[PDB]
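Right, one structure below, let's go through it.
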Amino acid sequence: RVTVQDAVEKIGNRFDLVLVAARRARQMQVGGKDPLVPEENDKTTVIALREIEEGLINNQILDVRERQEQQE
Amino acid sequence: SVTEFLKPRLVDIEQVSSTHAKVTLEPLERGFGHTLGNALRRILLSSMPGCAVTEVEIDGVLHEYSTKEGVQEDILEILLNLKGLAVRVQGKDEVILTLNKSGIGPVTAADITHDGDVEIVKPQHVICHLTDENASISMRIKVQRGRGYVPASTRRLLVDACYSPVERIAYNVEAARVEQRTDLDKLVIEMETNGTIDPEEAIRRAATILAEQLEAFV
Amino acid sequence: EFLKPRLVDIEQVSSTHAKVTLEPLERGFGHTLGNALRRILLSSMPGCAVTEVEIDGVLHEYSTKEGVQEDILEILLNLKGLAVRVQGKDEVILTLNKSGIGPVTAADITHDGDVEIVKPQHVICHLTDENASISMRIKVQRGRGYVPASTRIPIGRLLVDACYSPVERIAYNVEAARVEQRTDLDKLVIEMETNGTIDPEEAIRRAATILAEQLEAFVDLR
Amino acid sequence: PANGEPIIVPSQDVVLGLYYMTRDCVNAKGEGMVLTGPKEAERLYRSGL
Amino acid sequence: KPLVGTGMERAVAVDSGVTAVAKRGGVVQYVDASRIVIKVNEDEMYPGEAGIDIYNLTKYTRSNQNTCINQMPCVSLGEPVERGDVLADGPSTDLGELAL
Amino acid sequence: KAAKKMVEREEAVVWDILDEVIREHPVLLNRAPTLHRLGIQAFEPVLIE
Amino acid sequence: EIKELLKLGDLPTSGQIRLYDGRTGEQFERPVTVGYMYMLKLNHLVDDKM
């Protein structure tokens, strides 16, 4: 990733980007919740940022996944 | 360990649709990247057998600074367009073709006379434009076999023959590592043809030329 | 259709440095082959250079053997400057022994058949007493490029920097050839400075071989 | 952050190279011809012609 | 021996004390990396207590910034020497000239 | 301790692990007089001798 | 006087000599200046700092 400006284009705040990326990366790093996008021998940080770029990650999908996880 | 040199094998060939190639070689001994890149570039640029456009003559014109009605371009412009034209010719050294047509619209390379052995690699290419009802374009073009670049002054209108098929060739050297190996160079040949011959056959031809030039030594 | 250059002439203008002529060549090929050969020769060549000197009456590489006027490290540098040639061995152990006042050069070194010294007059040290003997064992091995001491690493076995290189100054020039019923013929004259350990013909042959092997992957590109 | 001026302004050696690359002299090799594109311009310059 | 000097190299080298400048002209009888022995001229030597001169060149010893300070003989065996002239070239010196 | 002795031995395996960790893992390069916020910038390391 | 000393030698009066690039192997336009300058080594070694 040359830069994350596209992620800001997707999430204009430029700060919640960091929080959501870190949340996703922490969840997928320690264990479980395998990345949903192909990797390039990169660390969880890069793949999390790429997933945010792709648009499948947002401020609501993490919350709804947690809610469904809580429901079970 | 007096002659054992790290024989490299390409790690990647990033090839684009038609004629852009990005060939990657590694590892190369200290400094060999620059010499190999330089030799390949010089061979591909200066000395390369090929066939291109040599001269052109127009029935209704006898001067470089003139024009024909119904052609919104200029005869200098059609010369420039013919410069980029690409053709493949059999062992026959020379051949003459023509653009004899009378129609309305762009003059495409497909319109040129097929003329048997010769082969046009970019028929879709546009040479000039015609729009008037009676404006007819007729000219004689001579294509000849050569092995370099011949400007006009080095020598009916003249056409500088870009015999060599490489349009843009550039190379780069970046540090590459093999375990504790100090600093091994990795070569990146970014190269572009005109479409007559694919990039890889051109690289192979240049390598063979230089090898035959070296066969006299060993 | 291009005609390759033959090794037309070798002119040993001097014992150490020579000039070779390559003919015929076509336009552009001159500077091409000249630069390629220059880079190959300066970069990678076979060579014979001192690698491990051991002096009997020495504990470390910084002391001063009594009787020799120059410090021991200066002796190591002089030995590094020594030129030697071998044929059938990847390493060899020479021996030097000398006492009595006077210069001690490479000439007095042991002269094993395969071992050949090219510059006997080249000085190694001096002795300043009637009874003051220097005795050393010199391990010289083949190699390539440059290999410093600290990298490839007894207490008396001194280590020196490797200088595997027989060529120090290479230059080339392309000029016109005879008529030969064809103009634009380029003759390539390469002037090469060599300490005296490698034959220029062998040097050019080896450089061409190296370039060919490097190109052989290009010809066999996948 | 001080102002809108770019901070990655090329400094001293890059600028000299670029400036020497684009500077017209009255006449030189290749003066007065027509090129179909930048590619053959590079080909002409690097070849020394 | 710096090529472009200002002619002050002599003074700095000789007076800095690093170079073992001679004391009484003579002939270099015995030379060595360790010591240099000088046969002073009879005219230059006192009648009594005749003797000869000996300089013990300082070898590799720690300098106060941990750089090496050392001397090397710069006179060949059996050569004349003038009174007050350099005999050993201290660090960063040669032939009694400041070469840093 | 096995990894400690490995890194001390400079085992060739360690370098591959280094290329793995350094793959994309920014580090901060800061100068001495940090005046403006640009005085600290992140950078992707590229191991070099 | 510097030009005079150069004249006693066999080197260009201006002091500029054309140089050939090591990699490409072709000439540099606009001859460059080459001479012998006396250069020191200062007591700031990287391995003392790194």
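Residue names in the structure tokens use chain letters A, B, ... in the order shown, residue numbers from 1 in each chain, and ligand numbers from 1 in the order shown.
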Long-range neighbours of segment 100-114 of chain C as a PDB file with C-alpha atoms, in the first residue's frame, 10 Å cut-off, only C-alpha atoms, 3 positions minimum in chain:
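The resulting out_14.pdb:
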ATOM      1  CA  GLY C  67      66.614  -5.882  13.224  1.00  0.00           C
ATOM      2  CA  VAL C  68      64.101  -4.963  10.505  1.00  0.00           C
ATOM      3  CA  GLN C  69      63.911  -1.217   9.967  1.00  0.00           C
ATOM      4  CA  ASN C  78      54.469  -4.731   1.234  1.00  0.00           C
ATOM      5  CA  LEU C  79      53.489  -8.406   1.074  1.00  0.00           C
ATOM      6  CA  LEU C  82      53.594  -8.726  -3.859  1.00  0.00           C
ATOM      7  CA  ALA C  83      52.733 -10.319  -7.205  1.00  0.00           C
ATOM      8  CA  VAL C  84      52.801 -14.096  -7.706  1.00  0.00           C
ATOM      9  CA  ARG C  85      51.506 -16.650 -10.208  1.00  0.00           C
ATOM     10  CA  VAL C  86      50.455 -20.296  -9.854  1.00  0.00           C
ATOM     11  CA  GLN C  87      49.140 -22.876 -12.319  1.00  0.00           C
ATOM     12  CA  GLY C  88      47.924 -26.112 -10.721  1.00  0.00           C
ATOM     13  CA  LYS C  89      47.039 -25.213  -7.118  1.00  0.00           C
ATOM     14  CA  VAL C  92      50.389 -22.598  -1.750  1.00  0.00           C
ATOM     15  CA  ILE C  93      52.731 -21.916   1.168  1.00  0.00           C
ATOM     16  CA  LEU C  94      55.901 -20.065   0.223  1.00  0.00           C
ATOM     17  CA  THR C  95      58.834 -19.532   2.573  1.00  0.00           C
ATOM     18  CA  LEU C  96      61.202 -16.602   3.044  1.00  0.00           C
ATOM     19  CA  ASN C  97      64.337 -16.633   5.189  1.00  0.00           C
ATOM     20  CA  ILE C 117      57.366 -14.284  -9.037  1.00  0.00           C
ATOM     21  CA  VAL C 118      57.090 -11.546 -11.652  1.00  0.00           C
ATOM     22  CA  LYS C 119      58.873  -8.633  -9.895  1.00  0.00           C
ATOM     23  CA  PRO C 120      61.930  -9.947  -8.019  1.00  0.00           C
ATOM     24  CA  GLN C 121      63.255  -6.443  -7.324  1.00  0.00           C
ATOM     25  CA  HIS C 122      60.080  -5.510  -5.426  1.00  0.00           C
ATOM     26  CA  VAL C 123      61.162  -4.910  -1.831  1.00  0.00           C
ATOM     27  CA  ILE C 124      59.674  -6.681   1.184  1.00  0.00           C
ATOM     28  CA  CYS C 125      61.733  -5.231   4.048  1.00  0.00           C
ATOM     29  CA  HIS C 126      65.275  -4.336   5.126  1.00  0.00           C
ATOM     30  CA  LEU C 127      67.645  -5.857   7.674  1.00  0.00           C
ATOM     31  CA  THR C 128      69.909  -3.720   9.844  1.00  0.00           C
ATOM     32  CA  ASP C 129      72.159  -6.195  11.691  1.00  0.00           C
ATOM     33  CA  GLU C 130      74.637  -8.915  10.790  1.00  0.00           C
ATOM     34  CA  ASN C 131      72.740 -11.382  13.017  1.00  0.00           C
ATOM     35  CA  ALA C 132      69.053 -10.561  12.572  1.00  0.00           C
ATOM     36  CA  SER C 133      67.039 -13.144  10.646  1.00  0.00           C
ATOM     37  CA  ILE C 134      63.490 -12.809   9.337  1.00  0.00           C
ATOM     38  CA  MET C 136      58.101 -16.151   7.299  1.00  0.00           C
ATOM     39  CA  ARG C 137      55.608 -18.580   5.783  1.00  0.00           C
ATOM     40  CA  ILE C 138      53.315 -17.011   3.178  1.00  0.00           C
TER      41      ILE C 138
ATOM     42  CA  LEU E  77      71.139   3.123   7.758  1.00  0.00           C
TER      43      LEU E  77
END
Dump as a tab-separated table the rows for residues of chain D within 12 Å of chain C: closest atom pair and distance in Å with one decimal, only C-alpha atoms counted, ordered by chain and rising residue number.
residue	atom	partner	partner_atom	distance
D:47	CA	C:28	CA	9.1
D:48	CA	C:28	CA	10.3
D:49	CA	C:28	CA	11.2
Output file for the residues above (N, CA, C and O atoms, as an mmCIF file, in the first residue's frame):
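Contents of part-v1.cif, as written:
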data_model
loop_
_atom_site.group_PDB
_atom_site.id
_atom_site.type_symbol
_atom_site.label_atom_id
_atom_site.label_comp_id
_atom_site.auth_asym_id
_atom_site.auth_seq_id
_atom_site.Cartn_x
_atom_site.Cartn_y
_atom_site.Cartn_z
ATOM 1 N N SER D 47 20.973 7.053 -27.935
ATOM 2 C CA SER D 47 21.854 6.512 -28.960
ATOM 3 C C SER D 47 22.986 7.462 -29.322
ATOM 4 O O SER D 47 23.911 7.051 -30.030
ATOM 5 N N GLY D 48 22.935 8.713 -28.868
ATOM 6 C CA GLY D 48 23.956 9.686 -29.177
ATOM 7 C C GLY D 48 23.790 10.376 -30.510
ATOM 8 O O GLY D 48 24.562 11.295 -30.815
ATOM 9 N N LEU D 49 22.807 9.974 -31.314
ATOM 10 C CA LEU D 49 22.601 10.574 -32.623
ATOM 11 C C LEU D 49 21.961 11.953 -32.534
ATOM 12 O O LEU D 49 22.112 12.752 -33.463
#
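Selecting chain E residues within 9 Å of chain G and counting only C-alpha atoms yields residues 2, 3, 4 and 100 of chain E.
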**OP:** Could you jot down the atom CA of residue 23 of chain D to atom CA of residue 153 of chain B separation for me, Å, one decimal place?
**Re:**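 We find that atom CA of residue 23 of chain D and atom CA of residue 153 of chain B lie 23.9 Å from each other.
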**OP:** Could you list, as a PyMOL selection string, the residues of chain G having an atom within 10 Å of chain C when counting only C-alpha atoms?
**Re:** chain G and resi 21-26
Only N, CA, C and O atoms, please: the residues just picked out, written as an mmCIF file, in the first residue's frame.
data_model
loop_
_atom_site.group_PDB
_atom_site.id
_atom_site.type_symbol
_atom_site.label_atom_id
_atom_site.label_comp_id
_atom_site.auth_asym_id
_atom_site.auth_seq_id
_atom_site.Cartn_x
_atom_site.Cartn_y
_atom_site.Cartn_z
ATOM 1 N N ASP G 21 31.377 8.010 -18.483
ATOM 2 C CA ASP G 21 30.605 7.388 -17.419
ATOM 3 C C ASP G 21 30.968 5.917 -17.285
ATOM 4 O O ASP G 21 31.153 5.211 -18.279
ATOM 5 N N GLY G 22 31.066 5.454 -16.039
ATOM 6 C CA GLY G 22 31.480 4.083 -15.803
ATOM 7 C C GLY G 22 30.467 3.065 -16.285
ATOM 8 O O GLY G 22 30.834 2.032 -16.848
ATOM 9 N N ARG G 23 29.180 3.339 -16.073
ATOM 10 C CA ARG G 23 28.154 2.354 -16.393
ATOM 11 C C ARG G 23 27.866 2.321 -17.890
ATOM 12 O O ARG G 23 28.081 1.304 -18.554
ATOM 13 N N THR G 24 27.388 3.437 -18.439
ATOM 14 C CA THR G 24 27.040 3.463 -19.855
ATOM 15 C C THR G 24 28.279 3.313 -20.727
ATOM 16 O O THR G 24 28.232 2.654 -21.771
ATOM 17 N N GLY G 25 29.393 3.912 -20.320
ATOM 18 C CA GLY G 25 30.605 3.851 -21.106
ATOM 19 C C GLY G 25 30.705 4.882 -22.204
ATOM 20 O O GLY G 25 31.544 4.727 -23.098
ATOM 21 N N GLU G 26 29.881 5.923 -22.172
ATOM 22 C CA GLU G 26 29.910 6.979 -23.171
ATOM 23 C C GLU G 26 30.336 8.294 -22.530
ATOM 24 O O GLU G 26 30.446 8.419 -21.309
#
